[PDB]
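Here the structure comes first, spelled out in structure tokens, and everything after it is commentary.
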Amino acid sequence: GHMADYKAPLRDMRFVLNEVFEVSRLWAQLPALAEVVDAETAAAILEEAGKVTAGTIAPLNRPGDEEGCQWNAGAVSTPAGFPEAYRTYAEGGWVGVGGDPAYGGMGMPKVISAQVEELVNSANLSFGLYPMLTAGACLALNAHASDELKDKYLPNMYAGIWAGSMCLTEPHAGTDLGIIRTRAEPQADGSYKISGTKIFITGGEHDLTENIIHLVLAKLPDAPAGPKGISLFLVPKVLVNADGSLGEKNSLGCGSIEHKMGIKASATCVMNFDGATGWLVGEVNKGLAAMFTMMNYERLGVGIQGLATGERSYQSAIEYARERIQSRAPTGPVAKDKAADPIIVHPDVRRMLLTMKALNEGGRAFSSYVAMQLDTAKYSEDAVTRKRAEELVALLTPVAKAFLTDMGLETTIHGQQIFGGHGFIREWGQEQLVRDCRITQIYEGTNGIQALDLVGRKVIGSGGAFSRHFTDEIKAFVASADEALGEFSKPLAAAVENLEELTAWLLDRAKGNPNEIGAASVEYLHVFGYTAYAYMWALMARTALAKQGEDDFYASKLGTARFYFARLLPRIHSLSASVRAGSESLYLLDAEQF
Amino acid sequence: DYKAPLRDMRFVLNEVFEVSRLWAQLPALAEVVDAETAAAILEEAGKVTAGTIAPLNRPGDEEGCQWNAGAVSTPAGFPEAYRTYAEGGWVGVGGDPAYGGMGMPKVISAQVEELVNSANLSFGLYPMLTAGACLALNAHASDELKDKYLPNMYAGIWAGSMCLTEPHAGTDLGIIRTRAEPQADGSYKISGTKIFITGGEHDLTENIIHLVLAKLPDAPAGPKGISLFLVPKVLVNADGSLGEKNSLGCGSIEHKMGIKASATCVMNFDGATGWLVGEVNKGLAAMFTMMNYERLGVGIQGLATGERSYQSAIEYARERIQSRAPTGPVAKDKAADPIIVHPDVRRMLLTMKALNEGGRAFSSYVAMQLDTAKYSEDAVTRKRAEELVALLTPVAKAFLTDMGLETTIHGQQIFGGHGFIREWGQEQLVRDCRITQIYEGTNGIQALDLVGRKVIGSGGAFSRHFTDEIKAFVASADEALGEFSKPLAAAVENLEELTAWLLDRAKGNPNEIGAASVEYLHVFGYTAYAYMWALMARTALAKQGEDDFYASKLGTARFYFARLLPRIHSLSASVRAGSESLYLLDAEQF
Ligand SMILES: Cc1cc2nc3c(=O)[nH]c(=O)nc-3n(C[C@H](O)[C@H](O)[C@H](O)COP(=O)(O)OP(=O)(O)OC[C@H]3O[C@@H](n4cnc5c(N)ncnc54)[C@H](O)[C@@H]3O)c2cc1C
Ligand SMILES: Cc1cc2nc3c(=O)[nH]c(=O)nc-3n(C[C@H](O)[C@H](O)[C@H](O)COP(=O)(O)OP(=O)(O)OC[C@H]3O[C@@H](n4cnc5c(N)ncnc54)[C@H](O)[C@@H]3O)c2cc1C
């Protein structure tokens with residue numbers, strides 16, 4: 001089956017970064033980046049990422065799903081060719097592309113590392129997860145670990161010689177980390193002995209790397225109840241001798257791997273810690289704070305994973321829709337040389353194709369806009385600019401997490417539906433992308449919890465002020481619009497006004513009743529998402545209108561823009577009516593009446 | 001953990017639709033079914049689906065089918081469970097008593113179909129194909145073929161298949177290439193490959209009776225040259241016993257996302273003996289009544305996966321403790337509150353609940369229309385029911401399966417990370433549900449049929465038959481029902497206005513039909529569900545106090561009206577944008 005191989009969308013990625021956001025203008029100013037990345041460097045990095053992802057990584061995706069991982073007396077093996085692909089990936093510098101050059105990382109800004117993330121996850125989501133975990137663990141160690149821990153573990157982790165894991169989830173504890181049971185017993189020598197059971201640990205055990213550095217959430221015996229008793233620990237699979245060589249295997253193991261709907265090449269481990277030796281990261285009781293930066297970057301990364309599956313689905317769907325012939329166009333036969341017309345002639349096929357296209361390109365734009373905010377928070381020399389950026393990271397990362405993953409699933413489902421019956425057959429690859437995409441809505445925080453964060457902490461919690469940072473920039477953009485941009489800036493203004501009135505309705509309603517927050521959450525986040533994508537599409541329309549006639553690319557972009565505004569943006573109205581119904585109808589029945 | 005929703009089924013048929021008062025003026029049914037007969041059959045369907053079918057769903061998925069030198073084997077326990085199912089009369093629950101079928105009307109066979117499909121969709125498909133094939137033969141085959149094949153097929157001893165699809169011919173059956181050579185003995189020799197054939201080969205039965213679309217050497221080109229043939233796996237002697245293996249077999253089976261215990265075969269006919277069903281060149285029409293009953297059938301498959309997911313999700317949401325209710329800890333004795341306390345978990349549960357109970361009611365309503373069309377003594381009542389069946393079966397197929405998928409996704413989401421683990425059963429229900437939106441006509445083709453044939457083709461008369469019944473219902477409503485009837489009237493108004501817009505916009509502009517199709521069918525669906533919910537609300541309002549079941553119904557109705565019905569506004573606005581934005585790019589610009 002399949003037919004369609006992965007090709008990196010480098011043309012669209014150049015349009016978003018270089019033409020829309022003009023990131024290289026910003027690099028010139030910020031002297032932390034000025035001597036790390038320019039247009040030339042960035043282009044060569046993406047050119048190389050496209051080659052390794054399409055050439056080595058993508059051809060492993062299907063066979064990885066069909067084989068899955070194997071557990072053999074506590075050792076986990078990845079599908080054939082995974083250890084070899086990983087070695088190539090790590091030696092190329094790809095594990096630490098966004099890593100700190102102070103410990104041998106490449107130091108690329110998030111707008112570049114995010115585009116690399118998208119390429120690897122589109123080619124093979126299971127594969128992409130492995131280095132994503134290592135990069136995530138480096139952020140937490142860099143931000144909060146002691147100089148001794150950082151000097152001992154970070155260099156091998158940015159080089160991808162040593163892998164990372166995040167050991168948070170327990171049988172009774174995923175969302176509610178405050179009730180974890182894993183214990184850390186302080187030792188006289190300054191270390192801790194970690195005892196407990198962790199579940200659903202991605203890459204908790206595998207055969208890609210000689211060591212895995214686990215970040216383990218635990219409580220000291222004397223810790224407070226709840227999340228304010230949580231501490232974070234660095235726990236190596238293999239303890240490291242004084243000379244930096246591998247020494248004694250730590251008192252921890254993988255008990256089993258899970259049987260899953262998807263990302264079957266991603267080893268998902270029950271990890272048992274039996275007084276495993278570990279070192280505090282950050283401060284006692286401040287384990288959640290130790291992961292604050294990690295989670296901001298991981299929220300965007302998981303959003304990118306959802307987008308990535310949508311993009312892969314679309315490359316297969318447009319190739320299939322031009323090749324597969326069935327029936328005739330309703331205006332009459334289009335392929336008069338053939339027995340039937342390519343299925344792209346049919347209105348409903350174009351509706352599904354254009355929904356995928358508008359969501360993938362809008363999602364790609366929004367992922368870069370949020371990467372730009374992470375880069376401003378980190379690199380801006382101005383305190384007011386960094387603070388505005390940080391507040392925009394707090395507001396938008398939940399939206400990037402929940403919205404890109406929800407739209408990704410919708411996209412992968414459209415991509416499968418375009419194949420008809422063939423779409424249900426595994427050799428065509430479309431059914432795997434639905435199963436792969438589905439995890440991105442559940443882990444690194446369920447989408448329901450992402451939306452409770454948004455409405456609870458970022459909206460109610462800031463009096464609306466964090467939203468208004470975003471919606472004030474969109475109206476400033478609207479006030480700037482020429483006549484031609486008016487086609488997009490006018491419906492955008494109306495969407496922004498809808499969102500502002502819904503925000504005000506919610507701030508009023510949440511005063512009486514705390515149930516109002518959770519009731520509105522997921523649908524409010526969607527209203528916010530379609531509004532944000534209207535902003536991304538308006539921005540992309542401005543550039544394409546200016547460059548119209550210079551290249552066919554700009555015509556395609558404007559057509560996709562016009563689809564988004566005509567057919568997808570009106571989704572805000574029903575979502576706003578549903579939110580405005582309130583929580584009353586959610587609480588008419590007691591638990592027994594369900 | 002699967003329990004048949006027999007109380008809800010009793011409510012829909014006996015309390016809302018008052019199905020026994022309809023059976024009173026259906027003479028051909030008073031001899032065959034009444035309320036007690038119905039209840040007792042459902043109680044038996046409940047036991048066999050829960051006891052012997054449900055336990056095989058997970059291991060069936062995990063094992064799937066195997067191909068060994070042309071022989072296809074189903075998973076461990078499938079043959080034994082099929083034999084028990086067949087011996088119980090369940091394959092022929094809806095079939096003609098003239099050949100040993102039980103003769104139960106569609107309202108009752110539809111509820112049996114719900115139980116088997118929610119227990120094990122893979123399992124449910126097998127008997128569904130046989131019953132489908134029985135409808136075609138009964139309607140169109142000669143007395144010789146009916147007398148020879150139907151009795152064993154209704155008893156479940158012989159299975160059926162539909163051998164339609166070819167590599168280049170799926171949605172477009174008109175471009176079929178399988179040949180039928182006429183023989184002097186009055187039989188045909190069939191040659192060609194069929195693909196994606198559910199139960200083309202398996203180990204459940206001694207014989208399989210294939211209904212194969214093929215063309216005679218002198219057939220006219222296109223769909224007007226297509227004939228239907230009965231092609232048995234094993235030829236049958238005079239004494240009715242098994243003769244020689246017929247000249248056909250299975251080349252391979254498909255590797256699928258879901259329904260993995262359902263054998264999907266590449267069938268090779270190499271001069272296989274067959275017999276004409278109905279008339280030469282009328283092969284497609286020989287399946288009109290079959291495809292009407294199977295469209296509702298695939299609708300019910302989607303609904304059934306949604307109902308199984310909800311039974312798991314509601315048990316999990318009461319048992320799993322995580323965090324504390326926004327208004328304060330309730331489980332004072334525990335480390336955390338049951339996740340049913342959280343607004344978002346209640347939203348996902350009530351969405352599943354409202355779609356499942358809404359789909360059950362609409363399904364029963366369409367089944368009631370198939371029964372009225374078939375058994376009504378007066379021509380005008382039969383004629384209107386036939387028109388509502390033609391209008392409503394694509395809505396039942398596409399809307400119950402689309403709502404089914406959404407329902408199974410909510411049910412997985414409620415389990416959190418556990419929802420992605422196969423042992424918990426939620427993720428299988430999403431993969432199994434997905435097929436129902438694709439086969440028996442893609443939902444896109446179901447939408448095209450609705451707007452293209454049933455609306456444009458009738459000048460909106462068919463939909464005015466439906467909407468007239470709804471407005472009569474509204475006009476009759478006392479003030480208590482007004483809570484539901486008022487927003488139902490506004491939804492009916494919205495649909496009519498959208499219909500008028502669509503009839504006008506389609507004139508001279510064929511692209512407008514396809515462009516509006518899927519989103520219009522959803523507007524229709526939510527309007528239809530609003531009608532079903534107002535009907536169930538009137539009966540629950542009248543019976544309030546008599547039992548907690550009615551308080552639960554009214555509460556579910558309130559959620560549907562407050563949070564789901566408003567979905568019509570955005571869908572209406574997308575439809576009204578027209579086909580223009582669909583046709584801005586040429587194919588190369590994608
Ligand atoms: C698991 C499985 C079981 C099956 N069982 C059987 C069986 O037992 N017997 C059997 O005969 N068949 C069977 N089929 C085949 C099936 O019923 C259909 O042929 C198939 O679902 C659709 O055909 P396709 O995959 O060739 O899609 P295509 O017809 O190629 O369609 C591809 C896409 O184009 C769209 N499209 C096509 N034509 C039009 C049009 N005119 N207007 C608008 N959109 C259009 C479709 O909606 C779809 O989105 C089965 C299929 C599967 C996957
Ligand atoms: C394939 C896979 C990979 C994973 N990888 C990792 C990993 O590497 N490391 C790791 O530590 N974890 C990992 N996880 C765990 C994952 O993050 C959790 O499963 C997820 O956060 C949900 O937690 P849970 O399964 O315990 O569900 P629960 O927290 O029990 O949630 C159940 C349901 O209740 C809802 N709910 C819970 N609390 C609230 C609340 N306060 N308000 C509203 N709704 C609420 C949830 O949204 C959900 O719908 C992985 C999971 C899987 C399946």
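Below, read A as the first sequence line, B as the second, and so on, with proteins coming before strands; counting in each chain starts at 1.
Using modelled atom types, one finds no donor on one side chain facing an acceptor on the other under 3.5 Å when comparing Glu315(B) with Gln311(B). A donor and an acceptor atom, one from each side chain of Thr442(B) and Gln417(A), are nowhere located under 3.5 Å apart.
Side-chain atoms of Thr503(A) and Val459(A), non-hydrogen and from C-beta on, do get closer than 4.5 Å to each other. In this structure, the side chains of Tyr529(B) and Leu355(B) come closer than 4.5 Å at one or more pairs of heavy atoms. When side chains are defined from C-beta on, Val522(A) does not count as touching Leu525(A), because their heavy atoms never get closer than 4.5 Å. Counting heavy atoms from C-beta on, the side chains of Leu541(B) and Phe484(B) come closer than 4.5 Å. Side chains of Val492(B) and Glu496(B) form a contact here, defined as non-hydrogen atoms less than 4.5 Å apart. Contact check for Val107(B) versus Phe17(B): no side-chain heavy atoms found under the 4.5 Å cut-off. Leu502(B) has its side chain within reach of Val451(B): a pair of non-hydrogen atoms, C-beta onward, lies under 4.5 Å apart. For the pair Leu388(B) and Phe462(B), the minimum side-chain heavy-atom distance is 4.5 Å or more.
In terms of modelled atom types and a separation under 3.5 Å, the side chain of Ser312(B) and the main chain of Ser309(B) share no donor-acceptor contact. A donor-acceptor pair under 3.5 Å is absent between the side-chain atoms of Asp344(B) and the main chain of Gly518(A), judged by distance alone. In this structure a side-chain-to-backbone donor-acceptor pair under 3.5 Å is missing from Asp508(A) to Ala504(A). Side-chain N or O atoms of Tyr587(A) include one that pairs as donor or acceptor with a backbone N or O of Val341(B) at under 3.5 Å. The closest donor-acceptor contact from the side chain of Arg295(B) to the backbone of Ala398(B) lies at 3.5 Å or more, if one exists at all. No side-chain donor-acceptor contact under 3.5 Å links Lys553(B) to the backbone of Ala540(B). The main-chain N or O of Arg505(B) is found under 3.5 Å from a side-chain atom of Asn509(B) such that the two form a donor-acceptor pair. For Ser476(B) (side chain) and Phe473(B) (main-chain N/O), a donor-acceptor pair under 3.5 Å exists by modelled atom type. Using modelled atom types, one side-chain atom of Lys397(B) and one backbone atom of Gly441(B) make a donor-acceptor pair closer than 3.5 Å.
Note that CG of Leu400(B) and CG of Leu405(B) are 13.0 Å apart. Values are rounded to the nearest 0.5 Å. Between atom CD of residue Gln437(B) and atom CD1 of residue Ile413(A) there is a gap of 7.0 Å, rounded to the nearest 0.5 Å.
Between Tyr560(B) and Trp533(B), the ring planes lie parallel to each other; the angle is under 30°, not in the 30° to 60° tilted range.
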Exercise for review: Verify salt bridge (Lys or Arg N to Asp or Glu O under 4.0 Å) between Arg453(B) and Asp449(B), making sure each step is shown before the conclusion.
Suggested key: CA-CA 5 Å; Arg453(B) 296 205 212 277; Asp449(B) 174 64; 3.3 Å; yes
Check your understanding: Can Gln111(B) and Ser364(B) be said to form a side-chain contact (heavy atoms from CB on, under 4.5 Å), step by step?
Key -> CA-CA 8 Å; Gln111(B) 290 182 158; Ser364(B) 289; 4.2 Å; yes
Point to revise | side-chain contact (heavy atoms from CB on, under 4.5 Å) between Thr556(B) and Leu589(A), intermediate numbers included | key: CA-CA 8 Å; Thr556(B) 311; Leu589(A) 300 196; 4.0 Å; yes
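The two residues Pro487(B) and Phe561(B) make their nearest non-hydrogen contact at CG-CD2, 3.7 Å. The nearest pair of heavy atoms linking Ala354(B) to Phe559(B) is CB-CD2, 4.0 Å. Closest heavy-atom contact between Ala537(B) and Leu554(B): O-CD2, 3.7 Å. Minimum interatomic distance between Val298(B) and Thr401(B) (heavy atoms only, all atoms of both residues): O-CG2, 3.3 Å. Minimum heavy-atom separation, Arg351(A) to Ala515(B): CD-O, 4.4 Å.
The side chain to side chain donor-acceptor pair (under 3.5 Å) contacts involving residues 477-491 of chain B comprise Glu483(B)-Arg558(B), where partners must be two or more places apart or lie in separate chains. For residues 561-579 of chain B, every residue pair satisfying the side chain to side chain donor-acceptor pair (under 3.5 Å) rule, not counting sequence neighbours, is listed here: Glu523(A)-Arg563(B), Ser574(A)-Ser570(B), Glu406(B)-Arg567(B), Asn494(B)-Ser572(B), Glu512(B)-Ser579(B), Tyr526(B)-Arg567(B).
The cationic group of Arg318(B) does not satisfy the cation-pi geometry with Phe594(A), failing either the under 6.0 Å distance to the six-membered ring centre or the 45° limit from the ring axis.
Applying the side-chain hydrogen bond (donor to acceptor under 3.5 Å, both in side chains) criterion to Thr407(B), with sequence neighbours excluded, gives no partner residue.
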